[PDB]
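Asks: Residue numbers (the deposited numbering), protein chains in the order written: chain A, 1 to 3, 10 to 85, 96 to 219; chain E, 1 to 3, 10 to 85, 96 to 219; chain D, 1 to 3, 10 to 85, 96 to 219; chain B, 1 to 3, 10 to 85, 96 to 219; chain C, 1 to 3, 10 to 85, 96 to 219.
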């Protein structure tokens, strides 16, 4: 990272990243992990981080394709030297040039732009690995209400609905997709009931 | 943490937190762990920590609801700019504003207030996820006395009884709810016998 | 720890401690782990460390009983303010007072005395959880000699025999309690044979 | 490492390296791990790192043989003292001489030369441990398309084909070697279809 | 360690050591790890490190016996104060004295001598726990050639043969002890074939 002088990336960050990816794959919570681990990262460090993933090479090739396409679109829209597309990807620029950019006046936040492209690609990948849609989640005859609610809320988070859409899904789908007994309990609770009241009544 | 200058959050804290939650769920001892891991944390850091949990998304939504309700009640009671409820929760304030606040004279301890709200929500959730009451724990015909005592004391800790109530429960319930052989042994020991003496006599 | 200024306790120490207790219970080697992890700890830190154990709440109550009894005996024998019994246990003293005491001239090593009380309680508890005595360990008809010797020496360490007693036990008991074939081999080796020679002859 | 003064190598790097090798063997992503962990390493540190691997002793001896061959060829092409072949391997030079070299003006990048030889040997070994060729990868009757594609791309990365060859393999082989249903779907998609479109159509 | 002032040993080193011993027992690669973790260690630190091992108490008693034997022989051969035998083992000297010796002029590297004795004892124990000799490794009818070669070379590394003897063993024994198909392949390859060529031909 940069903190102003350059500091070597620690092995701990690499090990944490590889372990999170091995254990959690592309579950939605991996993205805030990337965001925390990439604080202050240069493009070289980010490329190192990307290369450190051992599995899922299809996803990583997709990521390379998306980042290079976004860099080409940047070069089409936005023609010490000025950084070009191949400069943002860290493949034709040296560390010293990146350090110079990070400490120039005014600063050119090339790291933040690369991180934004990377988070866009990860969002695409997480969207791709979405197991099932929200409408396909229905409570089993003996499925625990808490476990079913947790799975439903996880699926809703996995989707890309807007806040108004997410709120409407939370309201309508949860009551509509519940098992008949829990649906009757919620209906007896009445509209406007908070999540805690419904959960404590169902149990 | 803050130590005064800002320091980057370490990967170790995130990994420890995720591992404790995966391995222990909401057992009571997770809260002092949270308290230790959040030493000097800004609210942004707390939101990062919260978002990194991958499962139990019902619980995390419950926590968000409780924190936002407490921030609204604070704003109702307590109407550099002055922080509003959503400012205390770190959703509309930047890191730089938080660093400025942490080093202001007099300091405005937004981190301690946010931590208090979070610990209130965790206490509520642990109390809600309490498996069974104290009165339902009875010793089996061949259950080991040490294991039964450990389970009883764990259940008592899980409850929210006051110190006088907890002491009365420890005295009356333990002797009354024990299996007949251990109850007879304790009665033969006599009143005022310490816990260590009773345990070493039962074994 | 204190190193002189106060430094926040690291998550690594908490995670190591909880894991050692989970993996090793009260095997004798857990005590040197406590001694290493509690270097420079304040009483607040010790209470934090104790509270982080999730299981074995019987053991922790026994520890609380022993520490409070020893603090009462200390107050009976030993009636900036002077610390009382409840001050060493960190329940009625603040962090700032502990820092002041730790950096006074002359220093009052309240942490080392508290550590001594804690180690006394751990020695008492480990002795209590001793599975079996030394005399009940006899080699099986087909039990490997190395595994049996390792188990025997572990049991001997678990006991509280003096150095002269331990040495006599190592000499007499090992040869006497061994299976007949290994006993004959050791007798053929002759007195004064070192442990390595006996082990390499038996194998 | 050197950062300029010498710093002791941390235990974390050694533990990370041994664990990565234990868990991933010589999968291709292990090479970027070596590259990140060996930042600033002296030859002594690199020899320690290599020797700490416990299994796969055939591969590590092969690496020693290969490195000594490059050192002999270097001595053939390139006959404060000057470093000789056995000096590049760190077997006949002291710490003081290597530190002196690392800080000479002009610098003699003995670490970079040793690292290049090591990465060449690891690349040779990974090529040797290549399980199967690309042409032997065929989709099963019920094999998931995503898993098959991931395995195919992993195998392709494991190979040493040039960029033009790799691109032609990705285009022709993937469509030709797929199962009939996915092949028909891809043909219906038409030429020029991106990886994301093909993957989202197949699923 | 000493780096010159004394620094407290970190919990990370202890945890790494206990984990390596738990996971690898006395496999040969544990020794260079010990050597790296004990950089700059005083004898007090070495005794602490040793005591943190929870299992394998037979081996540790053997190690104590061996170290005391070298200290007695040293005292027989080698009769600010001068360090005696019991002083090198850290049982009768204080920390202040050890720091004083480590910084004396000329320095007396009593720590290096203790480390040499410790590595001698570990080498003796690893040799003793050597499972089988080199001559007993024969390829199975369907055993993979790579796995068999790795196991054979690991066994060879476990031995203490000289370089000329080890090299002759690697050449003659590997080809002679191989399964008939691989032996025929190697014979068809001809003398002077390198290990990589033979391995890539066999596969």
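No residue lacks a Cβ here, since even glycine has one placed at the ideal position from N, Cα and C.
#1: Confirm the yes/no value for this check: CB of residue 148/A, any heavy atom of the ligand MG, distance under 7 Å.
#2: Against residue 206/B, what residues of chain C qualify as contacts under a CB-to-CB distance less than 7 Å, listed in chain order?
#3: Output, in chain order, the set of chain C residues within a Cβ distance shorter than 9 Å of residue 125/D.
#4: By the three-class DSSP mapping on this structure, what secondary structure does residue 8/E have?
#5: Determine the direct distance from the alpha carbon of residue 164/C to that of residue 176/B, and round the result to whole angstroms.
#6: Below 8 Å between beta carbons: does that hold for residue 121/B and residue 155/B?
#7: Contact criterion: CB-CB distance below 8 Å. Does residue 165/C meet it with respect to chain B?
#8: Throw me the rounded Cβ distance for the residue 116/B and residue 96/B pair, which I believe falls under 8 Å.
#9: Give a yes or no on whether 8 Å exceeds the smallest Cβ distance from residue 137/A to chain B.
#10: Closer than 7 Å by beta-carbon distance: list the chain C residues that pair up with residue 216/D, in chain order.
#11: By a C-beta neighbour count over all protein chains shown, 10 Å radius and 16 as the cutoff for buried, is residue 64/B buried or exposed?
#12: Name the one or two DSSP bridge partners that residue 2/E has.
#13: Pick from 32/C, 22/C and 17/C: whose alpha carbon is nearest that of residue 1/D?
#14: In chain order, what residues of the same chain have a beta carbon less than 7 Å from the beta carbon of residue 47/E, not counting five sequence neighbours either side?
#15: Give me, in chain order, the residues of the same chain whose beta-carbon lies closer than 8 Å to that of residue 159/A; leave out the 5 immediate sequence neighbours on both sides.
#16: Give the residues of chain E in contact with residue 58/D, contact being defined as C-beta atoms less than 8 Å apart.
#17: Residue 102/E lies in the alpha helix (DSSP H); which residues open and close that run?
#18: Does the distance from the C-beta atom of residue 32/B to that of residue 145/B stay below 8 Å?
#19: Start and end of the alpha helix (DSSP H) containing residue 158/E?
#20: Can you tell me whether residue 21/E is buried or exposed, with buried defined as 16 or more other CB within 10 angstroms of its CB?
#21: Give a yes or no on whether the minimum CB-CB distance between residue 1/E and chain D is below 8 Å.
#22: Please list, in chain order, the residues of the region 65 to 82 of chain B that have any C-beta partner in chain A closer than 9 Å.
#23: With burial defined as no fewer than 16 other Cβ atoms inside 10 Å of the residue's Cβ, what is the status of residue 203/E: buried or exposed?
#24: Have a look at 11/B, 180/B and 60/B and flag the residue whose alpha-carbon is nearest the alpha-carbon of residue 173/C.
#25: Can you tell me where the alpha helix (DSSP H) holding residue 189/E begins and where it ends?
#26: What residues from the region 10 to 25 of chain B come within 8 Å of chain C, judged by C-beta to C-beta, listed N to C?
#27: Is the Cβ of residue 169/E closer than 8 Å to any Cβ of chain D?
#28: Considering only the beta carbon of each residue, do residue 49/E and residue 105/E sit closer than 8 Å?
#29: At a Cβ threshold of 8 Å, is residue 54/E touching chain A?
#30: From which residue to which residue does the alpha helix (DSSP H) around residue 17/C run?
#31: Would you check if the distance between the CB atom of residue 133/A and the CB atom of residue 187/A is smaller than 8 Å?
#32: Helix, strand or coil: which one does DSSP assign to residue 82/B?
#33: What number of angstroms, rounded off, separates the C-alpha of residue 15/D from the C-alpha of residue 103/E?
#34: CA-CA distance, residue 107/C and residue 169/C?
#35: On the DSSP letters alone, give me the boundaries of the alpha helix (DSSP H) that residue 42/A sits inside.
Replies: Looking at the atomic coordinates:
#1: The ligand MG is not among the ligands present in this structure, which contains no ligands whatsoever.
#2: Along the fourth chain, read from residue 1 onward, the residue named residue 206/B stands at position 190. Correct list: empty, because the minimum Cβ distance to chain C is about 40 Å.
#3: Counting from 1 along the third chain, the entry for residue 125/D is found at position 109. Residues of chain C whose Cβ lies closer than 9 Å to the Cβ of residue 125/D do not exist; the shortest such Cβ separation is about 15 Å.
#4: Examination of chain E shows a numbering gap from 3 to 10; residue 8/E is inside it and therefore has no coordinates.
#5: Translated into positions along the fourth chain, residue 176/B becomes position 160. Translated into positions along the fifth chain, residue 164/C becomes position 148. Straight across, the Cα-Cα distance linking residue 176/B with residue 164/C is about 27 Å.
#6: For the purposes of this step, residue 121/B is taken as the residue at position 105 of the fourth chain. For the purposes of this step, residue 155/B is taken as the residue at position 139 of the fourth chain. If you check the CB distance, residue 121/B and residue 155/B do not come in under 8 Å.
#7: To locate residue 165/C, count along the fifth chain from 1; it is residue 149. Yes - at least one Cβ of chain B is within 8 Å of the one on residue 165/C.
#8: Residue numbering aside, residue 116/B sits at position 100 when the fourth chain is read from its first letter. Residue numbering aside, residue 96/B sits at position 80 when the fourth chain is read from its first letter. At roughly 6 Å, the Cβ-Cβ gap stays under 8 Å, so residue 116/B and residue 96/B are in contact.
#9: Here the question's residue 137/A lines up with position 121 in the first chain. No, residue 137/A does not count as interfacial toward chain B.
#10: In the third chain, counting from the first residue as 1, residue 216/D sits at position 200. Under the 7 Å cutoff, chain C gives 144.
#11: In the fourth chain, counting from the first residue as 1, residue 64/B sits at position 58. Residue 64/B should be labelled buried.
#12: Locating residue 2/E in the second chain gives position 2, counting from the first residue. Looking at the DSSP assignment, residue 2/E forms a beta bridge with 12/E.
#13: On the third chain, residue 1/D is found 1 positions in, with the first residue counted as 1. Out of 32/C, 22/C and 17/C, the CA that lies nearest to the CA of residue 1/D is found in 17/C.
#14: Position 41 of the second chain, counted from the first residue, corresponds to residue 47/E. The residues are 1 and 127.
#15: The residue given as residue 159/A occupies position 143 in the first chain. Apart from sequence neighbours up to five positions away, the residues of its chain that approach residue 159/A with a beta-carbon distance below 8 Å are 195, ordered along the chain.
#16: Numbered from its first residue, the third chain carries residue 58/D at position 52. Ordered by position in chain E, the residues that pass the 8 Å Cβ test against residue 58/D are 35, 38, 39 and 42.
#17: Residue 102/E sits at position 86 when you count from the first residue of the second chain. DSSP places residue 102/E inside the alpha helix (DSSP H), whose first and last residues are 101 to 104.
#18: For the purposes of this step, residue 32/B is taken as the residue at position 26 of the fourth chain. For the purposes of this step, residue 145/B is taken as the residue at position 129 of the fourth chain. Yes, they are a contact pair.
#19: Numbered from its first residue, the second chain carries residue 158/E at position 142. Note, residue 158/E: premise wrong, no alpha helix (DSSP H); not H, not E.
#20: Translated into positions along the second chain, residue 21/E becomes position 15. Counting of Cβ neighbours within 10 angstroms places residue 21/E among the buried residues, the total reaching 16 or more.
#21: Within the second chain, residue 1/E is the residue found at index 1, counting from 1. Yes - at least one Cβ of chain D is within 8 Å of the one on residue 1/E.
#22: Taken residue by residue, none of the region 65 to 82 of chain B has a beta-carbon sitting less than 9 Å from a beta-carbon on chain A.
#23: Translated into positions along the second chain, residue 203/E becomes position 187. Residue environment for residue 203/E: exposed (fewer than 16 other C-beta atoms within 10 angstroms of its C-beta).
#24: Taking the first residue of the fifth chain as 1, we reach residue 173/C at position 157. Nearest neighbour of residue 173/C by Cα position, chosen from 11/B, 180/B and 60/B, turns out to be 60/B.
#25: In the second chain, the residue the question calls residue 189/E occupies position 173. Residues 179 to 192.
#26: Residues of the region 10 to 25 of chain B with a C-beta less than 8 Å from any C-beta of chain C: 14, 15, 17, 18, 20, 21 and 24, listed in chain order.
#27: Residue 169/E sits at position 153 when you count from the first residue of the second chain. Yes, because at least one Cβ of chain D sits closer than 8 Å to the Cβ of residue 169/E.
#28: Numbered from 1 along the second chain, position 43 holds the residue referred to as residue 49/E. Numbered from 1 along the second chain, position 89 holds the residue referred to as residue 105/E. Annotated as proximal: residue 49/E and residue 105/E, with beta-carbon spacing under 8 Å.
#29: Start at 1 with the first residue of the second chain, and residue 54/E comes out as number 48. Yes - at least one Cβ of chain A is within 8 Å of the one on residue 54/E.
#30: Counting from one through the fifth chain, the residue named residue 17/C turns up at place 11. Where residue 17/C is concerned, the enclosing alpha helix (DSSP H) stretches over 17 to 30.
#31: Within the first chain, the letter at position 117 stands for residue 133/A. Within the first chain, the letter at position 171 stands for residue 187/A. Against a cut-off of 8 Å, the Cβ pair of residue 187/A and residue 133/A comes out as no contact.
#32: Residue 82/B sits at position 76 when you count from the first residue of the fourth chain. The answer is helix: DSSP assigns residue 82/B an H, G or I state.
#33: Your numbering for residue 15/D matches position 9 in the third chain. Your numbering for residue 103/E matches position 87 in the second chain. One C-alpha to the other measures close to 29 Å.
#34: Within the fifth chain, residue 107/C is the residue found at index 91, counting from 1. Within the fifth chain, residue 169/C is the residue found at index 153, counting from 1. Rounded to the nearest angstrom, the gap between the Cα atoms of residue 107/C and residue 169/C is 41 Å.
#35: In the first chain, residue 42/A corresponds to position 36, counting from 1. Taken as a continuous stretch (DSSP letters only), the alpha helix (DSSP H) holding residue 42/A covers 36 to 43.
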